[PDB]
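By convention in this document, chain letters (A, B, ...) are assigned in the order of the sequence lines, proteins followed by strands, and residues within each chain are numbered from 1. Side chains included, hydrogens not; waters and symmetry mates left out as well; all remaining heavy atoms used.
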Amino acid sequence: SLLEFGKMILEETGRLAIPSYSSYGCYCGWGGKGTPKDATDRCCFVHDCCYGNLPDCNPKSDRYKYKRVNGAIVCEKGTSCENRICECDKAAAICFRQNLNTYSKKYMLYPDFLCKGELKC
Amino acid sequence: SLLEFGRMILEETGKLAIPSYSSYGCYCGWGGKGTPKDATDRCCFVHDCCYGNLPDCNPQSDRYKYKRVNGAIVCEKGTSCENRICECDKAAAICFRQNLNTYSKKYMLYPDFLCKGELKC
Ligand SMILES: CC(C)CCCCCO
Ligand SMILES: CC(C)CCCCCO
C-alpha cells in the first residue's frame, strides 16, 4: 500500500511523497498524461505502468512487508500480489534516489498543457 | 507501440518488459548516453538508433499488427511507419533472447548517472 511506498520514498530520498513526488512533471501524481519530462518523471511513468501489469491486485491499499538486508530493500514474502506490488514500489523508490541529482523544482505543479504525446502501457 | 513491443519481448525472452528491461544498463528503458554496458544493453542502443531513423512516425505510440509463423515474428503490412517500427521492435526483441545468457541482474536499475557522453549511433 501507499503507506509502505511512501515510507520507502522518505527513506531513499529524504523527501516526503506528498509535495515532492505528488505534483512533479507529467506522471508523478495521478493525472498521468504526455511524455515524461525527466529522469524522475520517467521513474513515475514506469511505476504506474508497473501497477498496470497487476489487474488482479489493488496496489493503493493491500499492505505488504519489506525490510533491509545489508542496506538493500527486500520484499518480505507474502501473497503474489503483495510481492509484485512491492517490487513495483521498491524499484520506483530506488529510481527516485538514483535521480536525486537532476530533480528540479521547475517541474513541480507542472501545467497540463505542457504534457504532450500520446503514450500508453 | 510499447504495447506490441513489450509483449513481443515476453514472447521471445520469457521476461516481462517492465523490471527486466525498463531500466537495464545505459540505454534500456529510455535514456541515451554512455557506452553500452553489455550485449543486451547494445540492443537497446541499436533499437534507439532505429527509432531515431523514423522522423515521420510516432514509434512509441502507433499500433501495428504482427504474427508469429512457425515460431518467427512477422510484421504484417500496414503503413510505411507501422512496418518500419515493427521491424525495429522485432530486431530488438530477438536480439534480447540471443543474449539472454549474459543477462545480468547486476545491471537492472543501473545508475543512468554513471553513463557519460554521446556515441555516434
Ligand atoms: C503516490 C505519490 C505519493 C507518489 C507517486 C509516484 C507514482 C508513480 O506512478
Ligand atoms: C520499456 C521496455 C518496453 C524496453 C524499452 C527499450 C528501449 C530501447 O531504446
Kindly compute the distance separating OG1 (A:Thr35) from CH2 (B:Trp30), expressed to the nearest 0.5 Å.
->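 So the OG1 of A:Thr35 and the CH2 of B:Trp30 are separated by 10.0 Å.
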
Side chain, backbone, both or neither of A:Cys95 within contact of chain B (heavy atoms, under 4.5 Å) |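 Answer is neither: A:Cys95 stays 4.5 Å or more from chain B.
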
Near B:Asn101 CG, under 6.0 Å, is it more than 12 heavy atoms from other residues, nucleotides or ligands?
->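 Atom CG in B:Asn101 is crowded, with more than 12 foreign heavy atoms closer than 6.0 Å.
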
Kindly check if the number of other-residue, nucleotide or ligand heavy atoms within 6.0 Å of OH (A:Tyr107) is above 12?
->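 Counting neighbours around OH of A:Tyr107, more than 12 heavy atoms of other residues, nucleotides or ligands fall under 6.0 Å, so yes.
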
Can you tell me which residue pairs pass the salt bridge (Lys or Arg N to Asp or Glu O under 4.0 Å) test with a partner in residues 69-86 of chain A, sequence neighbours excluded?
->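 Matches after skipping sequence neighbours: A:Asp56-A:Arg84.
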
Consider only side-chain heavy atoms of I, L, V, M, F, W and Y, link residues closer than 4.5 Å, and tell whether B:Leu100 and B:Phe5 are in one cluster.
->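 Shared cluster, yes.
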
Do A:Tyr51 and A:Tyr24 sit in the same hydrophobic cluster, where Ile, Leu, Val, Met, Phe, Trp and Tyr count as joined when their side-chain heavy atoms come under 4.5 Å apart?
->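 Yes, one cluster joins them.
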
Against chain A, label B:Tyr110 side chain, backbone, both or neither, depending on which of its atoms sit under 4.5 Å from a heavy atom there.
->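 Interface part for B:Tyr110: backbone (N, CA, C, O).
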
Which atom names give the shortest non-hydrogen contact between A:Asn53 and B:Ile18, and what distance separates them?
->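 Taking every non-hydrogen atom into account, OD1-CB, 4.3 Å.
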
Can any side-chain N or O of A:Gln98 pair as donor or acceptor with the backbone N or O of B:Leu109 at less than 3.5 Å?
->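 Between the backbone of B:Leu109 and the side chain of A:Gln98 there is a qualifying donor-acceptor contact (under 3.5 Å).
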
Does a side-chain heavy-atom distance below 4.5 Å link B:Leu3 with A:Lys120?
->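 Heavy-atom side-chain distance check passes, below 4.5 Å.
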
